[PDB]
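Below you will find one chain, with nothing else, as structure tokens; this is the form deposited in one PDB entry, and questions on how it binds or moves follow later.
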């Protein structure tokens, strides 16, 4: 691998630890990095580190490299998982990124269902706002996520939402529609119809996904279309079926979901608009329940 002084960290500055993400994101571990920022060489920073597996092919390597290079191009934002460094010389590839100590957004929501303090209505809307901001940023940098979902949003120690796994151009025609997530759910249930049927991925189809994620948030981690298999989902979408309004969700926010699921992609809102709408809604939403 060619060295890149912008990002290189000597690998003896890294203390490796336990796995993260239950394999969903490949081999990612928690680590401690000494002197990440060279201004404070004596501080340690908890970071996430992604690396190849033992039984890994040549393209597994090129993919990890592409992922890293992509993250370099995209630049930094508060509501995405940022690149922090790399170990590329004299050993196996390490990609060093921000650590989100509270796991993914689906888990985090579920753990705060009534029987871990319950979330206020304002908290929930604020969660939506942060995810829209990260996506607004990524879209502005010409990045299409293709798998936006609460499982790919990570939460920091300070309850900041970060979009994860935006760096890989995953093998588009090559996707297993029947393959389930780590949780046992079907990723097709987040996909816009034109992405699912015509394999056309855009910022507009990411917005569809965001509507489903919105529905995840206000159901506190609910599973979309529970019990519905792939073939039946296809039929549902061909018919123009839409998920019902969650309880404890305003008509305004349900209308937002429905707009994100506009049958005509050009008519869906942009992440720019969603951020603006969500920003106003936050300021009017009570945190007293």
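Residue numbers count along the first chain shown, from 1. Take the two forms, superpose them, and find the largest set of C-alpha atoms that agree within 1.5 Å; that set is the rigid core. Shifts are known only where both forms have a C-alpha.
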Item checked: Other entries lacking residue 173, at least a third -> yes
Next item on the list: Please count the deposited residues lying between residue 115 and residue 116 that the model leaves without coordinates, and give the class: none, 1 to 3, 4 to 9, or 10 or more.
Entry: 10 or more
Next item on the list: Determine, for stretches 77-85 and 196-204, which one has the higher mean CA B-factor as deposited.
Entry: 196-204
Notebook entry, point to check: Which is higher in the entry, the mean Cα B factor of 150-158 or that of 175-183?
Noted result: 175-183
Next item on the list: Using the entry's values, work out which of 46, 258, 241, 38 has the largest Cα B factor.
Entry: 38
Notebook entry, point to check: Taking the entry's C-alpha B-factors for this chain, is residue 209 in the lowest, middle or highest third?
Noted result: lowest
Next item on the list: Would you mind checking where the Cα B-factor of residue 13 ranks among the modelled residues of its chain, as the lowest, middle or highest third?
Entry: middle
Check: Within this chain, which third does the Cα B-factor at residue 110 fall in: lowest, middle or highest?
Finding: highest
Check: What third of its chain's C-alpha B-factors does residue 103 belong to: lowest, middle or highest?
Finding: middle
Notebook entry, point to check: Considering only modelled residues of the same chain, in which third does the CA B-factor of residue 141 rank: lowest, middle or highest?
Noted result: lowest
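Omitted from view is the form deposited in another entry, to which the following refers.
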Note to self: I want to make sure I read this right: if the two forms are fitted on their rigid core, which of 255, 61, 44, 230 has a C-alpha displacement of 2 angstroms or more between the shown form and the other one?
What the structure shows: 230
Margin query: Aligning on the core only, does the CA of residue 16 end up 2 angstroms or more away between the shown form and the other one?
Written below: no
Notebook entry, point to check: So, does residue 246 move by 2 Å or more at the CA between the shown form and the other one, with the core held fixed?
Noted result: no
Notebook entry, point to check: Does residue 221 count as moved between the shown form and the other one, where moved means a C-alpha shift of 2 angstroms or more after fitting the rigid core?
Noted result: no
Next item on the list: Based on a C-alpha change of 3 angstroms or more, tell me if residue 135 and residue 25 lie closer or farther in the other form than in the shown form.
Entry: farther
Checklist line | Comparison of CA distance in the other form with shown form for residue 29, residue 25, at least 3 Å | finding: farther
Next item on the list: Kindly list the runs, ordered along the sequence, of 3+ consecutive residues whose C-alpha shifts are all 2 Å or more between the shown form and the other one once the two forms are aligned on their core.
Entry: 21-26, 183-185, 226-230
